[PDB]
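To start, the structure itself, in structure tokens.
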Amino acid sequence: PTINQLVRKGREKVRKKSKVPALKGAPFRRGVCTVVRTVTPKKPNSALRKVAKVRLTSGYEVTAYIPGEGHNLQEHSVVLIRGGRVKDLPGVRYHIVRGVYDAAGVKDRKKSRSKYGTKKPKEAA
Amino acid sequence: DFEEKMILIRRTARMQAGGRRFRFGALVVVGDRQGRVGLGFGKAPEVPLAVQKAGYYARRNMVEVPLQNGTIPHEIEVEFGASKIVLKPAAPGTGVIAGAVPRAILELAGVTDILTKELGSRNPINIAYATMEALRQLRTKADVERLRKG
Amino acid sequence: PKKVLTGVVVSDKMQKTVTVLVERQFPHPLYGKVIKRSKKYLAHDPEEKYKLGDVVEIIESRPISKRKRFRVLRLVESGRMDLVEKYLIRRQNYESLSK
Amino acid sequence: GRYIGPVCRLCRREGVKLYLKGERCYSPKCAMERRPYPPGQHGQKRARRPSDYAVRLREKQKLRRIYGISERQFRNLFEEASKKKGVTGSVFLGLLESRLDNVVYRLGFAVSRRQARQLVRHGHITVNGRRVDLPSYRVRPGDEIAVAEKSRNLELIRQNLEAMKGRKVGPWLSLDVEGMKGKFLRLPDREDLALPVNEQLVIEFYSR
Amino acid sequence: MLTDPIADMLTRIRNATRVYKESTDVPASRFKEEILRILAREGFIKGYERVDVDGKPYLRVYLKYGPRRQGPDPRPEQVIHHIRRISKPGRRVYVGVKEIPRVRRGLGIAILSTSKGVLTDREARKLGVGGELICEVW
RNA sequence: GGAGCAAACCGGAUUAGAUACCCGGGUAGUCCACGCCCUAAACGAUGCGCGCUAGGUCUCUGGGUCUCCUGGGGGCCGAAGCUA
RNA sequence: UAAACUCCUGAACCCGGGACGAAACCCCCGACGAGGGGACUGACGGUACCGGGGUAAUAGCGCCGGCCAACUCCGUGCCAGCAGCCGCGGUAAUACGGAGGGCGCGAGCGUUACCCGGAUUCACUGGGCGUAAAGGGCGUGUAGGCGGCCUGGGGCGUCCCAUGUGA
Ligand SMILES: NC[C@@H]1O[C@H](O[C@H]2[C@@H](O)[C@H](O[C@@H]3[C@@H](O)[C@H](N)C[C@H](N)[C@H]3O[C@H]3O[C@H](CO)[C@@H](O)[C@H](O)[C@H]3N)O[C@@H]2CO)[C@H](N)[C@@H](O)[C@@H]1O
Ligand SMILES: [Mg+2]
Ligand SMILES: [Mg+2]
Ligand SMILES: [Mg+2]
Ligand SMILES: [Mg+2]
Ligand SMILES: [Mg+2]
Ligand SMILES: [Mg+2]
Ligand SMILES: [Mg+2]
Ligand SMILES: [Mg+2]
Ligand SMILES: [Mg+2]
Ligand SMILES: [Mg+2]
Ligand SMILES: [Mg+2]
Ligand SMILES: [Mg+2]
Ligand SMILES: [Mg+2]
Ligand SMILES: [Mg+2]
Ligand SMILES: [Mg+2]
Ligand SMILES: [Mg+2]
Ligand SMILES: [Mg+2]
Ligand SMILES: [Mg+2]
Ligand SMILES: [Mg+2]
Ligand SMILES: [Mg+2]
Ligand SMILES: [Mg+2]
Ligand SMILES: [Mg+2]
Ligand SMILES: [Mg+2]
Ligand SMILES: [Mg+2]
Ligand SMILES: [Mg+2]
Ligand SMILES: [Mg+2]
Ligand SMILES: [Mg+2]
Ligand SMILES: [Mg+2]
């Protein structure tokens, strides 16, 4: 646009939209499981994906993914949520953090252990 | 004989009754690291032959690069189609700061100290052709004087 | 220095006061273009001497009323009813922007 | 803490022979004279054309691994050289070569930078009379780098100072061999060193 | 009505040169003449002169090019590679002497209007002044 | 105001079905005046004004010393140049 | 060369000394001033630091399909799972899980969240609108923006010098 036009109107700064009301941006939010269901993916994937509907302190009831080999979560479970969509599961915008509150960490996990939250094993160590 | 760096190779494909039919392209720079570079683009049914073809084409396509202590006389912007390249002089100790494509070219022309920026279409082929024009278009205090006499 | 400004009397409806429209111009901070802008000052005229159209200077002053902080220093030149027209039209345009 | 782990093993991998053991990484093996290829199961197989990144990465790993310094400390040195006046490549090397741990090794008092490190740490070294146990200490020019009188009797200091019988020391250094004390006359130019490293690639690596 | 005669002049030049014209006329202005003087002194043009076209003041302006060139397209190199207004009616640009730019590391000019007359960057920097940044030519 | 045409609608065909395409009817409407509505593939899908940069060819409309020259307008091919 | 093993040094820990921070207030001489003399005062702390002795004495976390540095064997069979984006998994998976090996950082390494960057993707520097998003359906014209050539006056913009201010 002309200069006179920029002077009259100016440019508009672009507001960035949050992908995540773990409400106030706050890196983690604690909640209570409600339904611990299994959901099928979409698009070109097939599996039985493990999921918690979570009541939060933040007020929101949201659905979260339970990552890892297998889990120990039932209907009143109390867990920490972290954010991280799942992408094959629509409306699943958060993961549960394993190793915190009533989500025990993944047993038998040798490799990327600190996600999944499983302490150092002790046979050759 | 010069050095011969290969920037980009890709496989293209044309359609024919019962199936796709592949060709290969290769972008190759060749240069001595002392004011001569050449850019060559060569296509052929096999990668090998295309790279070779490209180097050949690159030698038939060279350029005066007026270095001045590992860098260039001045700043130049060159638009080639939708790809724009800017080229800026730098003191020594800077390095060649540039993306994969213009860097390979600037390296083999013996530029050692130069600030660049790709603007526009970041298409390798076209970025390379702009870089060549950009070098191609460099003048020095010398030639400019010569141009302005009468 | 008590600030001295200069502009144009565009009202004398009040007793012992004139309204003075004062232009200021300057580069735009980003876009560089020189832009005009203006502001009205209520100025103290204890002798209702100055009238519509006059260019005056205006000087920073000890307060006289709420929002009257300037006195009329001197006449610069009379006439300028053109500039007053400028203001008055700009003003009546306003009624053509409502609903 | 600094690396701690197999050494004439990046003597390998990095292609070039790095001198991280001094006496042996010097004589029918930096392990390198026996196996001139990367460590691990794949070491001897057709290496793939390296990405511009791989290259620049490697060159900086080379330079860093030579001086035995950590990434954080290496990095800050680079950033310091960048602010400073003059060819930012050499300057860095200037600074890297000004580390007491290095000077001590350049001065022959130790056979390895790693071993020089231990000498400096355990109090065996003295700058300008006062003693100093910081490997990172910036030796400036003029500085006399002595050995600790108390430490002189030690087999190790003896051998190394005795094998410096014949030996010649870099142009930026001097060395009274008997008084077991050297000097730091000025900081080295790029040309003064013969490092297997093109720093133009290192500066480049720290550009993105 | 013609909003910027200087931009006009410059552009007449830009255009005539791109087809290797021997000359262009441009309606005459004292200000225009002063810019040409610089232009001529710096060897961008051959020179210029006052003339009448339909009995009205112009400035014929003798353009100047490289030699014939070699391969396909033997069109001469151009002397005025680039010429370009800066300050314009829409947006005046003024500089202090500390912020007069170096045009193409000095292989290029910037013409520049000051209270000590129209000047190139160098002339004006040594003369220690700035002013309206008219145009840059390389 | 209403000849002709014709959404809707009333019928005939066609079709697996045919709330259509085809045929036969047919009201609003299409027409006029006055007052509303204010939309569009309201398209050159191209804001207005001004200067500058080869030509060739066909056309509408002025003027000249009317073979040719010189205005204004509508097309086609194309210098330089621009364009994904 | 990593280990075992051979020499060598000696973090921790034990013994000893042991701070600077504090010279004033005050008192005496001089005059209750200048100057001079004198005495007290340490939470940190038996700490820092110096000296003697002295033990080989912690390593983890992420990653290895491409972007991106690092590849193989097994297990698994559109399952279990991974997933920043592209996408992996349907019996030979460098993409899942484990192993070996490798890369990167290292008392840290990863994760999530938030800001700027890259993004010349609000474009002043520095973008666009025939067909990609984008020319207002067209006019008339208000405010506003912009304004041909010559001379003179003022010096508001603009430029210059000096100076105050910018803790
Ligand atoms: N986008 C096409 C048209 O632009 C028109 O106006 C624009 C064009 O006439 C012209 O823009 C030119 C462009 O023609 C031509 N292709 C070259 C030039 N790059 C452009 O110029 C523009 O962009 C450059 C930066 O790219 C600026 O530096 C320059 O000042 C600006 N005029 O000047 C106007 C600046 O935007 C009309 N708005 C309208 O017809 C349509 O939007
Ligand atoms: Mg799948
Ligand atoms: Mg473009
Ligand atoms: Mg793009
Ligand atoms: Mg190996
Ligand atoms: Mg012209
Ligand atoms: Mg100033
Ligand atoms: Mg019918
Ligand atoms: Mg009908
Ligand atoms: Mg009918
Ligand atoms: Mg048209
Ligand atoms: Mg015509
Ligand atoms: Mg060892
Ligand atoms: Mg011992
Ligand atoms: Mg790789
Ligand atoms: Mg993983
Ligand atoms: Mg398998
Ligand atoms: Mg992976
Ligand atoms: Mg795996
Ligand atoms: Mg640390
Ligand atoms: Mg931006
Ligand atoms: Mg812009
Ligand atoms: Mg755009
Ligand atoms: Mg469109
Ligand atoms: Mg239109
Ligand atoms: Mg109008
Ligand atoms: Mg107007
Ligand atoms: Mg004017
Ligand atoms: Mg002034």
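All of the numbers you see were taken from the coordinates with simple rules; none came from a lab. Every residue, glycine as well, gets a Cβ built from its backbone with ideal geometry; the counts of neighbours run over all protein chains shown.
With 10 Å bins from zero, work out the P(r) of the protein assembly as shown over every alpha carbon pair and list the percent per bin.
Distribution as computed: 2, 9, 11, 13, 15, 16, 15, 10, 6, 2, 0, 0 percent.
Which far-off residues, 5 or more places away or on another chain, put their amide H under 5 Å from the one on E:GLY47, with H placed in the peptide plane?
E:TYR62
If each of C:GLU95 and A:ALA124 carries a label point 7 Å out from its Cα toward its Cβ, how far apart are those two points in nm?
9.3
By the scheme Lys and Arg +1, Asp and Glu -1, what is the net charge of all other residues having a beta-carbon under 10 Å from that of E:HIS81? It would help to have the intermediate numbers written out before the result.
Working: positive: B:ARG139, E:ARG104; negative: E:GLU77.
After counting each charged neighbour, the total is +1.
Go through the range E:121-136 residue by residue and turn each phi into a ³J(HN,Hα) via Karplus (6.51, -1.76, 1.60, θ = phi - 60°); whole Hz please, and just put x for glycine and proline.
Those phi angles translate into 4, 5, 3, 6, 4, 6, 5, x, 10, x, x, 5, 7, 4, 5, 10 Hz.
Over the Cα atoms of the range D:142-189, what Rg and Dmax result, in angstrom?
Looking at the range D:142-189, its Cα Rg and Dmax stand at 11.4, 35 Å.
Sorted from largest down, what three extents in whole angstroms do the Cα atoms of chain A have along their principal axes?
Principal extents (largest minus smallest coordinate, Cα): 74, 36, 35 Å.
Which of the trypsin sites (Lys or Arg not before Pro) across the range C:57-96 are loop residues per DSSP, with 11 or fewer other Cβ within 10 Å?
Details: sites: C:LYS66, C:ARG67, C:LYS68, C:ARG69, C:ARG71, C:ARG74, C:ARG80, C:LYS86, C:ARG90, C:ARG91; in loops: C:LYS66, C:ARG67, C:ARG80.
Of the trypsin sites (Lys or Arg not before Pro), the ones in loops of the range C:57-96 whose Cβ has at most 11 other Cβ atoms within 10 Å are C:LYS66, C:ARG67.
List the GluC sites (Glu not before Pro) within the range A:49-125 that DSSP assigns to loop and that have no more than 16 neighbouring Cβ atoms inside 10 Å.
Details: sites: A:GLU61, A:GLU69, A:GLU75, A:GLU123; in loops: A:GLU69, A:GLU75, A:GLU123.
Those that pass, being in a loop and sparsely packed, are A:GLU69, A:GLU75, A:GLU123.
Which whole-Hz couplings ³J(HN,Hα) result when phi for each residue of the range E:44-52 is put into the Karplus expression 6.51 cos²θ - 1.76 cosθ + 1.60, θ = phi - 60°, listed in order with x for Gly and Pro?
9, 10, 6, x, 8, 6, 5, 7, 10
Determine Rg/Rh for the range D:97-193; Rg is computed over alpha-carbon atoms and Rh is the Kirkwood hydrodynamic estimate from the same atoms. Intermediate values should be presented prior to the final figure.
Details: Rg = 11.9 Å, Rh = 13.0 Å.
Rg/Rh for the range D:97-193 comes to 0.92.
Starting from the exponent 0.38 and prefactor 2.2 Å, build the expected Rg for the range B:44-150 from its residue count and divide its actual Cα Rg by it.
Details: Rg = 15.1 Å, N = 107, 2.2 N^0.38 = 13.0 Å.
Taking the Cα Rg and dividing by 2.2 N^0.38 Å, one obtains 1.16.
Taking a ≥ b ≥ c as the square roots of the eigenvalues of the Cα gyration tensor of chain C, is the shape rounded (a/c under 1.5), prolate (a/b larger than b/c) or oblate?
Details: a/c = 1.71, a/b = 1.24, b/c = 1.38.
Because a/c hits 1.5 or more and a/b fails to exceed b/c, chain C counts as oblate.
Would you mind checking which residues have amide H under 5 Å from A:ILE96's amide H? H placed 1.01 Å from N; only 5 or more apart, or other chain.
Under 5 Å from the amide H of A:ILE96: A:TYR65, A:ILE66.
Against the longest alpha carbon principal axis of chain E, how many degrees, from 0 to 90 and to the nearest 10, is the axis of helix E:5-18 turned?
30
Within the range E:54-92, list the trypsin sites (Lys or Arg not before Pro) lying in a DSSP loop whose Cβ has at most 15 other Cβ atoms in a 10 Å radius. Each step should come with its number before you reach the end.
On the way: sites: E:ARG60, E:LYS64, E:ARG68, E:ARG69, E:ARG84, E:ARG85, E:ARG91, E:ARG92; in loops: E:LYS64, E:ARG68, E:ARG69, E:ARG92.
Those satisfying the criteria are E:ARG68, E:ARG69, E:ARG92.
What are the ³J(HN,Hα) values, in whole Hz, obtained from phi via the Karplus relation 6.51 cos²θ - 1.76 cosθ + 1.60 with θ = phi - 60°, for each residue of the range D:63-79 in sequence order, with x given for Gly and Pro?
Here the 3J(HN,Hα) series is 3, 4, 5, 4, 7, x, 9, 7, 4, 5, 7, 4, 5, 6, 4, 4, 5 Hz.
Any idea what the relative contact order of chain A is, in percent, if you count C-alpha pairs under 8 Å spaced at least 6 apart? Please list the in-between numbers first.
Values: 225 pairs, mean separation 25.0, N = 125.
It comes to 20 percent, rounded to a whole number.
Among the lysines in chain E, how many pairs, 8 or more places apart or on different chains, have alpha carbons under 23 Å apart?
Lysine pairs satisfying the spacing and distance rule in chain E number 16.
Could you list which residues have their amide H under 5 Å from that of D:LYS181, counting only those 5 or more apart in sequence or on another chain, with H placed in the peptide plane?
D:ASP176
At a Cα cut-off below 27 Å, give the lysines reachable from A:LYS87, other chains included and same-chain residues fewer than 8 away excluded.
Partners within reach: A:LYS16, A:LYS17, A:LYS19, A:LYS24, A:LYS42, A:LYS43, A:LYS50, A:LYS53, A:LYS107, A:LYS110, A:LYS111, A:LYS115.
Between helix E:30-41 and chain E, what is the angle of the helix's C-alpha long axis to the longest principal axis, kept within 0 to 90° and rounded to the nearest 10?
The angle comes out at about 70 degrees.
Quick check on chain D: take the gyration tensor over C-alpha atoms, sort the square-rooted eigenvalues as a ≥ b ≥ c, and tell me if it's rounded (a/c under 1.5), prolate or oblate.
Working: a/c = 2.14, a/b = 1.37, b/c = 1.56.
Oblate shape, in that a/c is at least 1.5 and b/c is the bigger or equal ratio.
Shape of the range E:35-138 from its Cα gyration tensor (a ≥ b ≥ c, root eigenvalues): rounded if a/c is under 1.5, otherwise prolate when a/b > b/c, or oblate? Walk me through the intermediate numbers first.
Numbers: a/c = 2.15, a/b = 1.33, b/c = 1.62.
It comes out oblate by the Cα gyration axes.
When only C-alpha pairs under 8 Å and at least 6 residues apart count, what is the relative contact order of chain D, in percent?
After rounding, I find 19 percent.
What average number of partner chain Cβ atoms lie no more than 10 Å from the Cβ of the residues making up B:89-95?
Working: counts 1, 0, 3, 6, 12, 7, 12.
Average neighbour count from other chains, rounded to a whole number: 6.
Provide A:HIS71, B:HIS74 in ascending order of the number of other Cβ atoms located within 10 Å of each residue's Cβ, fewest first. The partial results should precede the final answer.
Working: A:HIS71 18, B:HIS74 23.
Ordered by Cβ neighbours within 10 Å, fewest first: A:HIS71, B:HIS74.
Between 0 and 90 degrees, rounded to the nearest ten: what's the tilt of helix D:88-97 against the longest Cα principal axis of chain D?
That helix lies at roughly 50 degrees to the long axis.
Explain nothing, just the number: relative contact order of chain B, from Cα pairs under 8 Å at least 6 residues apart, as a whole percent.
On the way: 347 pairs, mean separation 31.4, N = 150.
Relative contact order, chain B: 21 percent.
For a footprinting-style exposure proxy, rank C:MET81, B:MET15 by other Cβ within 10 Å, fewest first. Intermediate values should be presented prior to the final figure.
On the way: C:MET81 13, B:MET15 8.
Fewest-to-most Cβ neighbours within 10 Å comes out as B:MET15, C:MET81.
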